[PDB]
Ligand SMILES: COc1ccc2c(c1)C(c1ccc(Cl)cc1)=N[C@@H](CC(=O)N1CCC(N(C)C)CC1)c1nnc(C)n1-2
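Listed next as structure tokens is one chain, alone, in the form solved without this ligand.
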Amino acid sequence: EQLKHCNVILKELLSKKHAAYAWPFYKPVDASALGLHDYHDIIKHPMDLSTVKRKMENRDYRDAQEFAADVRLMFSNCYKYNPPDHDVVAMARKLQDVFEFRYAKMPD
């Protein structure tokens, strides 16, 4: 089971080592509530960790490829939105490296 393996990676992100970057990307972006019209115009497809959790819980992602694709989109959205130069962007890059390393071992 590949799904099982993916669950292990999620636990680590929420565990502690990678929690620093987990809580920031955990919450979504309520453009409607907050007020970010430009966020919906440029991005149009806001994705957050909170939403990803719901998918795994409902088994929306019956595959690893689907999960990886969702993560890549979230990382690319932040980069497009905000240029590299803040702590936020740097936080994503740090996670990207870790994901890559784990993706190598993913394949069964």
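Just count from 1 along the sequence shown to find any residue number.
Missing here is the form deposited with this ligand bound; even so, the following discussion is about that form.
Given the pose of this ligand in the entry with it bound, superimposed here by the C-alphas around the site, does the shown chain leave the site open or is it blocked by 3 or more ligand atoms within 2.4 Å of backbone or C-beta atoms? Here the answer is open - the superposed ligand has no atom within 2.4 Å of any backbone or C-beta atom.
Since exactly one of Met56, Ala64, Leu73, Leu36 fits, which has a heavy atom within 4.5 Å of this ligand in the entry with it bound? Selected residue: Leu36.
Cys78: heavy atom within 4.5 Å of this ligand in the entry with it bound? Flag for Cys78 set to yes.
Using the partner position in the entry with it bound, report whether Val29 sits within 4.5 Å of this ligand, counting heavy atoms only. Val29: contacts this ligand in the entry with it bound.
Is there a heavy atom of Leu10 lying 4.5 Å or less from a heavy atom of this ligand in the entry with it bound? Output for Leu10 is no: heavy atoms all beyond 4.5 Å of this ligand.
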